[PDB]
Amino acid sequence: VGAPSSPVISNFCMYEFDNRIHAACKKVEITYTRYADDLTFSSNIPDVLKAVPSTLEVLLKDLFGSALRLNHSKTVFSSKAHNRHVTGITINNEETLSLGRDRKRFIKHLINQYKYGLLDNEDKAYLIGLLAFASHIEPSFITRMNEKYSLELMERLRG
Amino acid sequence: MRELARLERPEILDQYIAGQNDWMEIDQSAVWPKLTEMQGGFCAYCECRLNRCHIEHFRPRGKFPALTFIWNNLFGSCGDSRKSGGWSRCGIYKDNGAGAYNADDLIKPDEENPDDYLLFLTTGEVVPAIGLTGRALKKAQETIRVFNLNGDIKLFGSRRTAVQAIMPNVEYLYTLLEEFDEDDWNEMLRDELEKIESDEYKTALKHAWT
Amino acid sequence: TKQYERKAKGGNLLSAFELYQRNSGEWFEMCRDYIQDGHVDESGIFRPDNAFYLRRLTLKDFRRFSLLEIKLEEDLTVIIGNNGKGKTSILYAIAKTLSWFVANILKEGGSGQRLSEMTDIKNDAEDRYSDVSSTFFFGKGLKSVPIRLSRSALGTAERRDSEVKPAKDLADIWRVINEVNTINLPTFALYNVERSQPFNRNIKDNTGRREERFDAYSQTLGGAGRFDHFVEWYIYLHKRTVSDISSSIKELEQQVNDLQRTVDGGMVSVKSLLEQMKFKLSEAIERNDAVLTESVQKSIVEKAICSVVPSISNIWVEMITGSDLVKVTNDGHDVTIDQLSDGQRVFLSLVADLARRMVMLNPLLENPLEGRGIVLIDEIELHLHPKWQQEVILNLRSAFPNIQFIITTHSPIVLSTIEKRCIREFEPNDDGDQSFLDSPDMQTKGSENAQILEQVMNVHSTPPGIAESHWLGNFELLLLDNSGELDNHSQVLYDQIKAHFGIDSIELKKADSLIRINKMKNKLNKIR
RNA sequence: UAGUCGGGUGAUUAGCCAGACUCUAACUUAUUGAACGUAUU
Ligand SMILES: Nc1ncnc2c1ncn2[C@@H]1O[C@H](COP(=O)(O)OP(=O)(O)O)[C@@H](O)[C@H]1O
Ligand SMILES: [Mg+2]
Ligand SMILES: [Zn+2]
């Protein structure tokens, strides 16, 4: 994983896999994406995702034999009844990307500490980095923080 | 089983054609409301209450691809392969469990009256009706075999239980034949048979009452 | 690290523990409070803030199963099915997984049990290895503890590794925190069909001390329990309780008071005995005056046994014959344990063993039987009369409210006392490829046993292989063939029904009913 | 009922309030590498 070429080679080795499974999923209205070793499937149709694990095992065997296998312990079903996340990003029930409630509350905690000059330099730097990421995933959160904490405080922090 | 009144063809079956199109393509929520009108939220073959359910081709799609988007061939059966495996009557058993069968020698409940062929004993069994010979006997015997109308213990048990629950009310009504005059008694029997349209296993309950 | 500090302050147990180990107060207390904190609910039952239970199990090419997934209930899961459906296989898989927690609570880097290379791989598995994957839950701070046991078939060149480090990490927390400051520990036990042994008091084990706290983990997942260890431990408790003079003084004071009341009631014959006991009391008081934990432990276990085991009202130790004998009051009669029926003994053994282990592992709880743990019981109805089957699950759950029970049963009577959500049922014609187990359609709790037979166990309420079981059906058909009139043939069968089942039988009443109804129907037809 | 989502409050990873969701069914993860966002220039 630590070699610079390994990402490219790994994506290439999964090219045919991706082609086949993408095509198969499209026919039954399943959305498919792959982030390295993480495979994600989603649909609005009930009782269609159940077949996907079996389909995967067959395809993996066909293309790679016994070299590449599914981690059965890491196969997870979810719905709007439960928490849904994709590569660390929470998908909320309004079908929007979110950082998740807990992370947002933690950020607010750090901002409040900064407001009273309680944040050390390390934690300050940490907060700044996290806000940049938050800006990328959930820009609306930043607007809300500006409203809650004074634009001036936040600008001072991000300076 | 009930004699079913098929009425009008829904609009979506006009579009799709056999050969080119597949049953995976067509929407099923379009088709249901007319079958629910036809059948009344009850199974075509066994008369259970529908909850897990599927659209059933009376002649199957593999053997008969001509009768794939044809309104006469479609029925609301109980059981659903998509949700949970191991269902053992009606649509699912006709395919998987029942072996070879001739499709011609089965009761199609839209065309034929079942009541002439089938009898429902209050001990819970379905049997051929009294005095069938040759071909009509073969249809009655094969409808029973292929839809598994006795061999499913869940169905047999549920049907017996229901009929046995009403048999106090059957014996009590027919005693009061004597004391009541005909117009009072015939109104009562009409009123009891009014109820059992809304009930599960209605043909079995009918044979108990009449 | 700053990262661990953030997670720990967020309530993550493993991060808190890592910080404690590197800096070796704050973090220790976080870990200890996570394990110990709880509350007493409205019903007066202690409830830990952080529950421990098995959430999920997956079996891949294990015995009959190609790939099977089971979601378990936090409190009670009951697995049902025909013989050879793999109910016992499921419990065995779980017990082997739990062995890794027990081994590591006892000893740093201890080894749990293994899947057999001879027997546990599915016979027609193309890939010649088996996996048992489990996920455990321990409060919101530790939502997932994944374990995998793996084994390759004998003589395969490629050997598949087990993944057990998370089990070890969690077990380490329990062991290390307990070393510094005593905490309550989880109970793990398996009771398979091997629990049905003949009793021998004569055989004693002289290995380990029975009063050592970690003796509670001794052969806990071996399947039989150690009922012999219970008896030895109970006699030990008795001897210690007799020996302390204040309880003896209190007991002697009570005996003197009872005897004084008898003498005041006109029984002059017991005056000599009263004087002797008063002297003994005075002597005991004169010897140096002083609550024994051993006395309380004894009382807890006695209560548990008497509450759960219906035929047993009392249990006590005698030494007056000159050997130590445990006696019970069974159905109003004082008997030795050896005199109990096999059914009573086996059930007593289960409850006694479990209670002993819970008392030993939960010293800080007011009621030690409200401790945490996972208990597996195979064929709960083993040797039980139907009357007992109706009140076995209720009694167990009342006595051990925070244990996760995973049970197998063939009994409709047992199922009539359990909610449908707790039941996991095999598909009728499975053959080992089914992916997920499910609950039955019918609500079982409070339902009639005949209905459960037919709707859940897939068995006729009346035996189809007996001819007499069909007579009423045949009778009805004959009646309907002859337009409702008793002909010669129908009369013969009627007489057979009467002769066989009797004049007052339900079957004959049904036949009579059929006659009456059909006669009346025919009369109506003729009027028309 | 429970579990989940989270707009608000709250010297604020807690607690409390409001609104919502429910295919049998999330368990928040990993760097110095790669990519992305931010800062530097
Ligand atoms: N290694 C194996 N490969 C295939 N089938 C097996 C294997 N081991 C056991 N079996 C089968 O699995 C079943 C085991 O039954 P068991 O787990 O005791 O279930 P139950 O307790 O419900 O009767 C039997 O049907 C047996 O033939
Ligand atoms: Mg970096
Ligand atoms: Zn049906």
# chains A, B, ... in the order shown; residues from 1 in each chain; ligands from 1

$ residues_near_ligand --ligand "ligand 2" --cutoff "12 Å" --atoms "only C-alpha atoms (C1' of nucleotides) and all ligand atoms" --output "PDB file with N, CA, C and O atoms (P, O5', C5', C4', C3', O3' and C1' of nucleotides), in the first residue's frame"
ATOM      1  N   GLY A 129      -7.684  22.523  10.581  1.00  0.00           N
ATOM      2  CA  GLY A 129      -7.710  21.461   9.591  1.00  0.00           C
ATOM      3  C   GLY A 129      -9.098  20.844   9.456  1.00  0.00           C
ATOM      4  O   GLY A 129      -9.578  20.629   8.343  1.00  0.00           O
TER       5      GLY A 129
ATOM      6  P     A D  30      -7.461   2.412  11.442  1.00  0.00           P
ATOM      7  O5'   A D  30      -6.730   3.700  10.847  1.00  0.00           O
ATOM      8  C5'   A D  30      -5.366   3.975  11.253  1.00  0.00           C
ATOM      9  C4'   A D  30      -4.614   4.684  10.149  1.00  0.00           C
ATOM     10  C3'   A D  30      -5.214   5.988   9.606  1.00  0.00           C
ATOM     11  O3'   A D  30      -4.184   6.837   9.143  1.00  0.00           O
ATOM     12  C1'   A D  30      -5.063   4.422   7.856  1.00  0.00           C
ATOM     13  P     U D  31      -3.662   8.103   9.967  1.00  0.00           P
ATOM     14  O5'   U D  31      -2.318   8.162   9.101  1.00  0.00           O
ATOM     15  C5'   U D  31      -1.114   7.671   9.724  1.00  0.00           C
ATOM     16  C4'   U D  31       0.133   7.945   8.914  1.00  0.00           C
ATOM     17  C3'   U D  31       0.166   9.157   7.956  1.00  0.00           C
ATOM     18  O3'   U D  31       1.339   9.909   8.240  1.00  0.00           O
ATOM     19  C1'   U D  31       0.946   7.209   6.873  1.00  0.00           C
ATOM     20  P     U D  32       1.499  11.484   7.934  1.00  0.00           P
ATOM     21  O5'   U D  32       2.756  11.263   6.977  1.00  0.00           O
ATOM     22  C5'   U D  32       3.348  12.371   6.264  1.00  0.00           C
ATOM     23  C4'   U D  32       4.532  11.862   5.464  1.00  0.00           C
ATOM     24  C3'   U D  32       4.245  10.924   4.277  1.00  0.00           C
ATOM     25  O3'   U D  32       5.174  11.240   3.244  1.00  0.00           O
ATOM     26  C1'   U D  32       5.632   9.805   5.787  1.00  0.00           C
ATOM     27  P     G D  33       4.769  11.287   1.688  1.00  0.00           P
ATOM     28  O5'   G D  33       4.336   9.781   1.357  1.00  0.00           O
ATOM     29  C5'   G D  33       5.195   8.928   0.554  1.00  0.00           C
ATOM     30  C4'   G D  33       4.369   7.974  -0.270  1.00  0.00           C
ATOM     31  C3'   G D  33       3.234   8.578  -1.102  1.00  0.00           C
ATOM     32  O3'   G D  33       3.720   8.985  -2.372  1.00  0.00           O
ATOM     33  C1'   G D  33       2.421   6.731   0.182  1.00  0.00           C
ATOM     34  P     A D  34       3.132  10.262  -3.162  1.00  0.00           P
ATOM     35  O5'   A D  34       1.655   9.791  -3.536  1.00  0.00           O
ATOM     36  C5'   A D  34       1.460   8.803  -4.570  1.00  0.00           C
ATOM     37  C4'   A D  34      -0.008   8.483  -4.690  1.00  0.00           C
ATOM     38  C3'   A D  34      -0.967   9.672  -4.765  1.00  0.00           C
ATOM     39  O3'   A D  34      -1.039  10.147  -6.096  1.00  0.00           O
ATOM     40  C1'   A D  34      -1.765   8.124  -3.169  1.00  0.00           C
ATOM     41  P     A D  35      -1.147  11.718  -6.410  1.00  0.00           P
ATOM     42  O5'   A D  35      -2.671  11.955  -5.985  1.00  0.00           O
ATOM     43  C5'   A D  35      -3.727  11.413  -6.810  1.00  0.00           C
ATOM     44  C4'   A D  35      -5.054  11.516  -6.095  1.00  0.00           C
ATOM     45  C3'   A D  35      -5.505  12.906  -5.641  1.00  0.00           C
ATOM     46  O3'   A D  35      -6.087  13.664  -6.684  1.00  0.00           O
ATOM     47  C1'   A D  35      -5.859  11.370  -3.883  1.00  0.00           C
ATOM     48  P     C D  36      -6.094  15.271  -6.662  1.00  0.00           P
ATOM     49  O5'   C D  36      -7.119  15.659  -5.497  1.00  0.00           O
ATOM     50  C5'   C D  36      -8.543  15.419  -5.672  1.00  0.00           C
ATOM     51  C4'   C D  36      -9.270  15.659  -4.365  1.00  0.00           C
ATOM     52  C3'   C D  36      -9.125  17.053  -3.746  1.00  0.00           C
ATOM     53  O3'   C D  36      -9.991  17.999  -4.356  1.00  0.00           O
ATOM     54  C1'   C D  36      -8.808  15.420  -2.063  1.00  0.00           C
ATOM     55  P     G D  37      -9.545  19.535  -4.519  1.00  0.00           P
ATOM     56  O5'   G D  37      -9.633  20.099  -3.026  1.00  0.00           O
ATOM     57  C5'   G D  37     -10.939  20.245  -2.430  1.00  0.00           C
ATOM     58  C4'   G D  37     -10.818  20.572  -0.964  1.00  0.00           C
ATOM     59  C3'   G D  37     -10.001  21.807  -0.580  1.00  0.00           C
ATOM     60  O3'   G D  37     -10.661  23.033  -0.863  1.00  0.00           O
ATOM     61  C1'   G D  37      -9.539  20.049   0.920  1.00  0.00           C
TER      62        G D  37
END

$ closest_atom_pairs --of "chain C" --to "ligand 1" --cutoff "7 Å" --atoms "only C-alpha atoms and all ligand atoms" --output "CSV"
residue,atom,partner,partner_atom_place_in_ligand_line,distance
C:62,CA,ligand 1,1 (N),6.7
C:63,CA,ligand 1,2 (C),3.6
C:64,CA,ligand 1,5 (N),3.9
C:81,CA,ligand 1,22 (O),6.2
C:82,CA,ligand 1,22 (O),6.0
C:83,CA,ligand 1,23 (O),3.6
C:84,CA,ligand 1,23 (O),3.5
C:85,CA,ligand 1,22 (O),4.2
C:86,CA,ligand 1,17 (O),3.2
C:87,CA,ligand 1,22 (O),3.8
C:88,CA,ligand 1,21 (O),3.9
C:89,CA,ligand 1,17 (O),3.8
C:90,CA,ligand 1,17 (O),7.0
C:119,CA,ligand 1,1 (N),4.8
C:120,CA,ligand 1,1 (N),4.8
C:121,CA,ligand 1,1 (N),4.9
C:122,CA,ligand 1,3 (N),3.7
C:123,CA,ligand 1,3 (N),4.0
C:124,CA,ligand 1,3 (N),6.9

$ residues_near_ligand --ligand "ligand 3" --cutoff "8 Å" --atoms "only C-alpha atoms (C1' of nucleotides) and all ligand atoms" --output "ChimeraX atom specification"
/B:43-48,77-79,89-91,147

$ atom_distance --atom1 "CA of residue 88 in chain A" --atom2 "CA of residue 11 in chain C"
19.0 Å

$ interface_residues --of "chain A" --to "chain D" --cutoff "7 Å" --atoms "only C-alpha atoms (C1' of nucleotides)" --output "mmCIF file with N, CA, C and O atoms, in the first residue's frame"
data_model
loop_
_atom_site.group_PDB
_atom_site.id
_atom_site.type_symbol
_atom_site.label_atom_id
_atom_site.label_comp_id
_atom_site.auth_asym_id
_atom_site.auth_seq_id
_atom_site.Cartn_x
_atom_site.Cartn_y
_atom_site.Cartn_z
ATOM 1 N N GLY A 2 2.070 1.219 0.628
ATOM 2 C CA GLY A 2 2.946 2.372 0.761
ATOM 3 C C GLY A 2 3.712 2.761 -0.505
ATOM 4 O O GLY A 2 4.356 3.804 -0.471
ATOM 5 N N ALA A 3 3.659 1.979 -1.599
ATOM 6 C CA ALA A 3 4.333 2.356 -2.833
ATOM 7 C C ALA A 3 3.498 3.327 -3.657
ATOM 8 O O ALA A 3 2.286 3.144 -3.743
ATOM 9 N N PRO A 4 4.096 4.370 -4.293
ATOM 10 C CA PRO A 4 3.349 5.283 -5.157
ATOM 11 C C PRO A 4 2.683 4.665 -6.382
ATOM 12 O O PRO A 4 1.686 5.201 -6.858
ATOM 13 N N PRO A 7 -1.468 2.254 -5.916
ATOM 14 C CA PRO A 7 -2.819 2.695 -6.243
ATOM 15 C C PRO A 7 -3.231 2.511 -7.704
ATOM 16 O O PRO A 7 -4.317 2.007 -7.982
ATOM 17 N N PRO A 46 -36.592 -2.146 -2.733
ATOM 18 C CA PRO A 46 -36.402 -3.118 -1.669
ATOM 19 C C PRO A 46 -36.101 -4.529 -2.181
ATOM 20 O O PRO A 46 -36.578 -4.907 -3.245
ATOM 21 N N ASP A 47 -35.257 -5.261 -1.433
ATOM 22 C CA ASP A 47 -34.984 -6.685 -1.602
ATOM 23 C C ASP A 47 -34.163 -7.006 -2.854
ATOM 24 O O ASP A 47 -34.219 -8.142 -3.323
ATOM 25 N N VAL A 76 -22.076 -5.360 5.188
ATOM 26 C CA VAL A 76 -23.053 -4.734 6.062
ATOM 27 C C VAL A 76 -24.191 -4.184 5.224
ATOM 28 O O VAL A 76 -23.935 -3.477 4.266
ATOM 29 N N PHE A 77 -25.431 -4.464 5.641
ATOM 30 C CA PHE A 77 -26.633 -3.883 5.062
ATOM 31 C C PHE A 77 -27.082 -2.720 5.935
ATOM 32 O O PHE A 77 -27.047 -2.816 7.157
ATOM 33 N N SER A 78 -27.534 -1.636 5.309
ATOM 34 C CA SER A 78 -28.154 -0.546 6.043
ATOM 35 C C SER A 78 -29.305 0.074 5.247
ATOM 36 O O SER A 78 -29.497 -0.238 4.074
ATOM 37 N N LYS A 80 -32.442 3.716 5.724
ATOM 38 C CA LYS A 80 -32.817 4.936 6.415
ATOM 39 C C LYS A 80 -33.290 4.673 7.841
ATOM 40 O O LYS A 80 -33.349 5.614 8.630
ATOM 41 N N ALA A 81 -33.621 3.425 8.185
ATOM 42 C CA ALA A 81 -33.918 3.084 9.571
ATOM 43 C C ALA A 81 -32.691 3.201 10.465
ATOM 44 O O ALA A 81 -32.851 3.260 11.679
ATOM 45 N N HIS A 82 -31.487 3.133 9.877
ATOM 46 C CA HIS A 82 -30.251 3.036 10.629
ATOM 47 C C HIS A 82 -29.268 4.069 10.091
ATOM 48 O O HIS A 82 -29.575 4.734 9.099
ATOM 49 N N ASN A 83 -28.122 4.211 10.792
ATOM 50 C CA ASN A 83 -26.973 5.014 10.381
ATOM 51 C C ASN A 83 -26.433 4.553 9.029
ATOM 52 O O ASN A 83 -26.269 3.358 8.846
ATOM 53 N N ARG A 84 -26.154 5.490 8.110
ATOM 54 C CA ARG A 84 -25.585 5.175 6.810
ATOM 55 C C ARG A 84 -24.341 6.031 6.609
ATOM 56 O O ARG A 84 -24.442 7.255 6.636
ATOM 57 N N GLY A 88 -16.548 7.369 5.515
ATOM 58 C CA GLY A 88 -16.429 8.296 6.617
ATOM 59 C C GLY A 88 -17.392 9.475 6.531
ATOM 60 O O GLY A 88 -17.391 10.301 7.447
ATOM 61 N N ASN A 92 -27.384 11.709 5.667
ATOM 62 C CA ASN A 92 -28.478 11.956 6.594
ATOM 63 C C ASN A 92 -29.802 11.548 5.937
ATOM 64 O O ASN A 92 -29.825 11.212 4.752
ATOM 65 N N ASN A 93 -30.915 11.605 6.695
ATOM 66 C CA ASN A 93 -32.230 11.191 6.208
ATOM 67 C C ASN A 93 -32.836 12.191 5.220
ATOM 68 O O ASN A 93 -33.784 11.841 4.509
ATOM 69 N N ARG A 101 -23.599 14.026 13.543
ATOM 70 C CA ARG A 101 -23.913 14.830 14.709
ATOM 71 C C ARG A 101 -22.741 14.888 15.681
ATOM 72 O O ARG A 101 -22.415 15.972 16.137
ATOM 73 N N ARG A 105 -20.749 18.241 16.959
ATOM 74 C CA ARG A 105 -20.751 18.647 18.352
ATOM 75 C C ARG A 105 -19.335 18.785 18.890
ATOM 76 O O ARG A 105 -19.068 19.700 19.660
ATOM 77 N N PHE A 106 -18.436 17.903 18.468
ATOM 78 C CA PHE A 106 -17.045 18.004 18.867
ATOM 79 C C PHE A 106 -16.401 19.275 18.320
ATOM 80 O O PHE A 106 -15.665 19.943 19.033
ATOM 81 N N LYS A 108 -17.882 22.077 17.589
ATOM 82 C CA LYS A 108 -18.452 23.175 18.353
ATOM 83 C C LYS A 108 -17.774 23.295 19.713
ATOM 84 O O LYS A 108 -17.506 24.402 20.165
ATOM 85 N N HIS A 109 -17.518 22.148 20.345
ATOM 86 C CA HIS A 109 -16.778 22.126 21.592
ATOM 87 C C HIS A 109 -15.430 22.820 21.422
ATOM 88 O O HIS A 109 -15.096 23.650 22.258
ATOM 89 N N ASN A 112 -15.748 26.577 21.027
ATOM 90 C CA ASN A 112 -16.076 27.171 22.315
ATOM 91 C C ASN A 112 -14.832 27.302 23.195
ATOM 92 O O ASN A 112 -14.655 28.312 23.862
ATOM 93 N N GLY A 129 -7.684 22.523 10.581
ATOM 94 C CA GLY A 129 -7.710 21.461 9.591
ATOM 95 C C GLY A 129 -9.098 20.844 9.456
ATOM 96 O O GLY A 129 -9.578 20.629 8.343
ATOM 97 N N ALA A 132 -11.518 23.049 7.580
ATOM 98 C CA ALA A 132 -11.304 22.983 6.140
ATOM 99 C C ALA A 132 -12.018 21.776 5.542
ATOM 100 O O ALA A 132 -12.697 21.903 4.521
ATOM 101 N N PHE A 133 -11.861 20.615 6.179
ATOM 102 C CA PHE A 133 -12.539 19.415 5.731
ATOM 103 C C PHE A 133 -14.052 19.597 5.803
ATOM 104 O O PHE A 133 -14.747 19.240 4.856
ATOM 105 N N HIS A 136 -15.451 21.426 2.992
ATOM 106 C CA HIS A 136 -15.528 20.644 1.765
ATOM 107 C C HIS A 136 -16.757 19.736 1.749
ATOM 108 O O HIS A 136 -17.400 19.602 0.714
#

$ closest_atom_pairs --of "chain C" --to "chain B" --cutoff "10 Å" --atoms "only C-alpha atoms" --output "CSV"
residue,atom,partner,partner_atom,distance
C:426,CA,B:86,CA,9.7
C:427,CA,B:86,CA,5.9
C:428,CA,B:86,CA,6.5
C:429,CA,B:86,CA,6.7
C:430,CA,B:86,CA,7.6
C:434,CA,B:85,CA,8.2
C:436,CA,B:84,CA,9.4
C:437,CA,B:84,CA,9.8
C:438,CA,B:84,CA,9.0
C:450,CA,B:157,CA,9.4
C:451,CA,B:157,CA,7.8
C:453,CA,B:157,CA,9.6
C:454,CA,B:154,CA,6.1
C:455,CA,B:154,CA,5.2
C:456,CA,B:154,CA,8.3
C:457,CA,B:154,CA,9.7
C:458,CA,B:153,CA,6.2
C:459,CA,B:153,CA,7.0
C:460,CA,B:153,CA,6.8
C:461,CA,B:157,CA,8.4
C:470,CA,B:123,CA,9.1
C:472,CA,B:123,CA,7.3
C:473,CA,B:123,CA,5.7
C:474,CA,B:123,CA,9.4
C:476,CA,B:121,CA,7.1
C:477,CA,B:121,CA,7.3
C:478,CA,B:130,CA,9.8
C:480,CA,B:130,CA,7.9
C:481,CA,B:130,CA,6.2
C:482,CA,B:130,CA,9.8
C:510,CA,B:123,CA,9.4
C:513,CA,B:171,CA,7.1
C:514,CA,B:171,CA,8.6
C:516,CA,B:171,CA,7.6
C:517,CA,B:171,CA,5.8
C:518,CA,B:174,CA,9.5
C:519,CA,B:174,CA,9.7
C:520,CA,B:174,CA,6.3
C:521,CA,B:210,CA,7.5
C:523,CA,B:177,CA,9.8
C:524,CA,B:177,CA,8.4

$ select_by_dssp --residues "range 171-319 of chain C" --states "helix (DSSP H, G or I)" --output "PyMOL selection string"
chain C and resi 171-180+193-195+213-217+227-243+245-264+268-286+293-308

$ closest_atom_pairs --of "chain C" --to "chain A" --cutoff "10 Å" --atoms "only C-alpha atoms" --output "JSON lines"
{"residue": "C:2", "atom": "CA", "partner": "A:123", "partner_atom": "CA", "distance": 8.5}
{"residue": "C:6", "atom": "CA", "partner": "A:106", "partner_atom": "CA", "distance": 9.4}
{"residue": "C:10", "atom": "CA", "partner": "A:106", "partner_atom": "CA", "distance": 8.5}
{"residue": "C:56", "atom": "CA", "partner": "A:73", "partner_atom": "CA", "distance": 9.6}
{"residue": "C:57", "atom": "CA", "partner": "A:73", "partner_atom": "CA", "distance": 9.0}
{"residue": "C:58", "atom": "CA", "partner": "A:73", "partner_atom": "CA", "distance": 7.4}
{"residue": "C:59", "atom": "CA", "partner": "A:72", "partner_atom": "CA", "distance": 9.5}
{"residue": "C:60", "atom": "CA", "partner": "A:72", "partner_atom": "CA", "distance": 8.7}
{"residue": "C:67", "atom": "CA", "partner": "A:72", "partner_atom": "CA", "distance": 9.4}
{"residue": "C:69", "atom": "CA", "partner": "A:72", "partner_atom": "CA", "distance": 9.8}
{"residue": "C:127", "atom": "CA", "partner": "A:66", "partner_atom": "CA", "distance": 8.6}
{"residue": "C:131", "atom": "CA", "partner": "A:72", "partner_atom": "CA", "distance": 9.6}
{"residue": "C:132", "atom": "CA", "partner": "A:73", "partner_atom": "CA", "distance": 9.6}
{"residue": "C:133", "atom": "CA", "partner": "A:73", "partner_atom": "CA", "distance": 6.4}
{"residue": "C:134", "atom": "CA", "partner": "A:73", "partner_atom": "CA", "distance": 8.0}
{"residue": "C:135", "atom": "CA", "partner": "A:73", "partner_atom": "CA", "distance": 8.4}
{"residue": "C:146", "atom": "CA", "partner": "A:73", "partner_atom": "CA", "distance": 7.9}
{"residue": "C:147", "atom": "CA", "partner": "A:73", "partner_atom": "CA", "distance": 9.0}
{"residue": "C:148", "atom": "CA", "partner": "A:73", "partner_atom": "CA", "distance": 8.4}
{"residue": "C:435", "atom": "CA", "partner": "A:50", "partner_atom": "CA", "distance": 9.5}

$ atom_distance --atom1 "CA of residue 361 in chain C" --atom2 "CA of residue 177 in chain C"
14.2 Å

$ select_by_dssp --residues "chain A" --states "strand (DSSP E or B)" --output "VMD selection string"
chain A and resid 31 to 35 38 to 42 85 to 86 89 to 91 97 to 98

$ closest_residue --among "A:30, A:157, A:13, A:51" --to "residue 113 in chain A" --atoms "only C-alpha atoms"
A:157

$ atom_distance --atom1 "CA of residue 107 in chain C" --atom2 "CA of residue 188 in chain C"
15.9 Å

$ residues_around --residues "residue 26 in chain B" --least-positions-apart "2" --cutoff "12 Å" --atoms "only C-alpha atoms (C1' of nucleotides)" --output "number ranges by chain"
B: 12-18, 21-24, 28-31, 55, 68-69

$ closest_residue --among "A:33, A:8, A:28, A:155" --to "chain B" --atoms "only C-alpha atoms"
A:28
